[PDB]
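Heads up, the chain shows up twice below as C-alpha cells, two forms, tagged structure 1 and structure 2.
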Structure 1
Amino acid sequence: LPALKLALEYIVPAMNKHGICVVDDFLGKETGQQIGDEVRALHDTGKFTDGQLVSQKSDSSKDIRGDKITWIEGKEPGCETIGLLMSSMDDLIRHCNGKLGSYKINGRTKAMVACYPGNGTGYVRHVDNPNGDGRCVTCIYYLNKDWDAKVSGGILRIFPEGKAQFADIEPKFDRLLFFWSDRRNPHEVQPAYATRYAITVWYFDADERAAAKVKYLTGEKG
C-alpha cells in the first residue's frame, strides 16, 4: 500500500503498542524473487564473511552467531533490486516522521545481507543495541520460500520486555519485520537446518548515534 498509509495506519501503531510489526508480502513475488537471486549471486562470489560482534569476548564469533554476511550500499552493479528494497524501507521510515517513539531517525546502516548456511547454526539470544550505539529500529526482509519451521527450524524468537510470552517469526519469503533494537526486544535465531537468507538495516537516532561515535574513541573513565 502507499508508504504513508502503511506507516501511519499500521507500522506506527504496531510499533508504539508492541514494539514489533510484521508486513507480509511487502514487495510481491516478482521483486522478492529478483532480490533473492541477487543475494544468491552475491553468496556465490564467495565474498561473504563470518558475522561479527560489537565486542567479541568469546573464543570465536561462531559460538555466538553462525551466519555469513556482507554489506551492500544498494548502488553496486548487480544489487539494483536490493537498492529498491532499501529505498522502500527508507520511504516507510521517512513517512513515520517522529511518531516512532521519541526518536529522531536521520540515518541508517548499510544493508547486512546474511545467510545461515543451514547446518544447524543460528544466533543465540541477544540485544541488537544493549548499550546505546544509536540503533533505534531493526528492519529485516526475509527471502525464504515455503519455509516450514517444524522441518527447517530457523525461527526468530523475540521476547518483548515484561510480556510473559515470546513471539515466533518465521523467516518467510517477502516478509518485512520491524522491531525496537534496544533491550525491549531480546531475540534469537533458532538453529536453521536449511539455507536461510535475510536482509537487515538498522536505523539510527540522531542524538544517540552522535554520542555513540564519541564513546568509542575514548569513553573517558569512572
Structure 2
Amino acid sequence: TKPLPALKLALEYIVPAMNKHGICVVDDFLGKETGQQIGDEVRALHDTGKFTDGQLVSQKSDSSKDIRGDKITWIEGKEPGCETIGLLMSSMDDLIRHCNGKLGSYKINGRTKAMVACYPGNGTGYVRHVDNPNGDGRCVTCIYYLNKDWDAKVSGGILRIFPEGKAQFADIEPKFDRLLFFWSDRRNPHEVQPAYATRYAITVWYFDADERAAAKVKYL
C-alpha cells in the first residue's frame, strides 16, 4: 500500500469530483502516524486553554441565538508544537496547487490560517449555514478530521451538506485522517449535527483571486 502522488489524486479524483458534485471526500490522506501526531497537537492546544468559543466569533451580540457549540483557535503552522499541523497545511496546499485553474473558473491565490475546532460533546453542533454567503473571496472549504474510531450512530457529529438545487444530500462522518473539500459559497449550506463525544477538525479556506480582490474593492 502506497500513497498516491498529490498530482495524481488532484487530477484523477479531486478535480472531477469537485466539478461534478461540489464536494470531494479523500480518506487516508496522511496515514496513521501523522494523523495521530496531529491529534496530539490539537489535544495539546485544547488542554492548554488556547481555544475560544466559536459562538463569540459568529454571534452579532451576547443576546444572539445559539449558532455553534465549538471552540476554536487559529494556527499559522510554524508555531512551536504545531509543526505537524503545518505539514497538514502544506499537504492541502500541494493538492490545491495541482488543482489550480481546474476547479470551476476559480484562480486560487491564497488561503486562511488553519481553524482548529473542537466540539466538546454535550450535544453541541453548528446550525445550518453557508461559509461564505456574502462574497468575501473564499471559494473552497478544506477540512481535515482527526477522530479515531468515531461511531456516528452513538456520537453523532455528522456534517450534513445540502447542495443547492440538487435532489441529493451528503453525510460526512468526522472520520480519522479524512480530508473534505467543498465549495464555500451558497451552493453548499451545511450543518454539524449534535456531537456527543469530543470532535476535532482543522479547516482552511482557499481564496479566489478575482472575488477576493473585488471584496477588497468594496472593503475600500
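Shifts are known only where both forms have a C-alpha. Basically, rigid core = biggest C-alpha set you can superpose within 1.5 Å across the two forms. Residue numbering: sequential along structure 1, first residue numbered 1.
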> With the rigid core superposed, which of 44, 59, 30, 168 has its C-alpha shift by 2 Å or more between structures 1 and 2?
Replying inline: 59
> Following alignment on the rigid core, what Cα displacement (Å) is computed for residue 211 between structures 1 and 2?
Replying inline: 2.0
>> Once the core is aligned, what is the C-alpha displacement of residue 131 between structures 1 and 2? Give it in Å to one decimal.
In response: 1.0
> What stretches, three or more residues long, have all their C-alphas moved by 2 Å or more between structures 1 and 2 when the rigid core is held in place?
Replying inline: 52 to 62, 213 to 217
